[PDB]
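For the sequence shown, my numbering gives the first residue as 106, with consecutive numbering after it. We put the CB at the ideal spot given by N, CA and C, even for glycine.
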Amino acid sequence: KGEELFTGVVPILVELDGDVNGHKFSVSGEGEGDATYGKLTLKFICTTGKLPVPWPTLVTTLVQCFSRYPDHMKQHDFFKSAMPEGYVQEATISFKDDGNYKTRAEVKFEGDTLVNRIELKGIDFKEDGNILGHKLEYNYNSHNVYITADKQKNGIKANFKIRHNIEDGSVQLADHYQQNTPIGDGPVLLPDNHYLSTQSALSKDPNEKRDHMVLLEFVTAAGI
Ligand SMILES: [Mg+2]
């Protein structure tokens, strides 16, 4: 039944409150998703001033229900199956040789809009490390998100490594460990092992003076 809510274009709202090494900030995002094509278009704004971390470090925190699941994999789409009541998504993002983010989000429908509400806490970042030193390029590599079922929580786990390009040609690794659990009492789809193939393009709105990020993303399920 939840997949029925995604056959057309769906408006998206994202609201994040963050604290990284005591630097407090908020981000508001608006856009739309079209799961038929695994396509997301979003604009995020830092509503509190300057973002204290690089925008690319927030991309995985800032709605995998818009993935394109091929018809032959439709029985493996947990994310849509949990809608409209939604799911809780928790992650730990470990930056190699640096600090970590812990996030908690609720993703659910509010009327006909898909909403992602997030709290992010970052600790033990190095002041002149790649994150607080803002040494990351404004770009995003393509990645696979590996999904496995968590039968005991009636949900799923996801594991992946993000490779963030550093301005000097090196790479900043970020290990991601995520868990999702449904909010409602109805049944959800528990998938076989598979992955999400993601591609993301970051840009700016040339008329915008606030600190912001324009994102175009494609997400396709595969491996089955
Ligand atoms: Mg390079």
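heavy atom of ligand 1 below 7 Å from residue i C-beta
i: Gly-274; result: yes
Rounded C-alpha distance that separates residue i from residue j
i: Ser-199; j: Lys-262; result: 16 Å
i: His-299; j: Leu-163; result: 24 Å
i: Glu-224; j: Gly-123; result: 6 Å
i: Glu-190; j: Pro-311; result: 37 Å
i: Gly-328; j: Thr-112; result: 23 Å
i: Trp-160; j: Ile-271; result: 13 Å
i: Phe-183; j: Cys-170; result: 8 Å
i: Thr-152; j: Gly-260; result: 33 Å
i: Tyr-282; j: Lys-201; result: 14 Å
i: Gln-194; j: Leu-145; result: 19 Å
i: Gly-216; j: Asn-264; result: 31 Å
i: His-239; j: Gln-277; result: 12 Å
i: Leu-237; j: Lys-258; result: 35 Å
i: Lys-185; j: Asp-290; result: 14 Å
Presumed contact (8 Å Cβ cut-off) between residue i and residue j, rounded CB distance
i: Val-119; j: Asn-221; result: 5 Å
i: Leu-167; j: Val-115; result: At roughly 16 Å, the Cβ-Cβ gap does not stay under 8 Å, so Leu-167 and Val-115 are not in contact.
Closer than 7 Å: residue i CB and nearest ligand 3 heavy atom
i: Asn-270; result: Ligands present in the displayed structure are limited to ligand 1, and ligand 3 is not among them.
Cβ-Cβ distance between residue i and residue j below 8 Å
i: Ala-326; j: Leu-294; result: no
i: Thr-303; j: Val-250; result: yes
i: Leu-156; j: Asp-316; result: yes
i: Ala-210; j: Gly-107; result: no
i: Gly-136; j: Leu-147; result: yes
i: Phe-323; j: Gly-143; result: yes
i: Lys-231; j: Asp-203; result: yes
i: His-181; j: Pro-296; result: yes
i: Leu-219; j: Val-168; result: yes
i: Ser-305; j: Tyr-243; result: no
Environment of residue i [buried if 16+ CB atoms lie within 10 Å]
i: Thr-141; result: exposed
i: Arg-268; result: exposed
i: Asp-229; result: exposed
i: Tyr-192; result: buried
i: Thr-197; result: exposed
i: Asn-235; result: buried
i: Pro-287; result: buried
i: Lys-129; result: exposed
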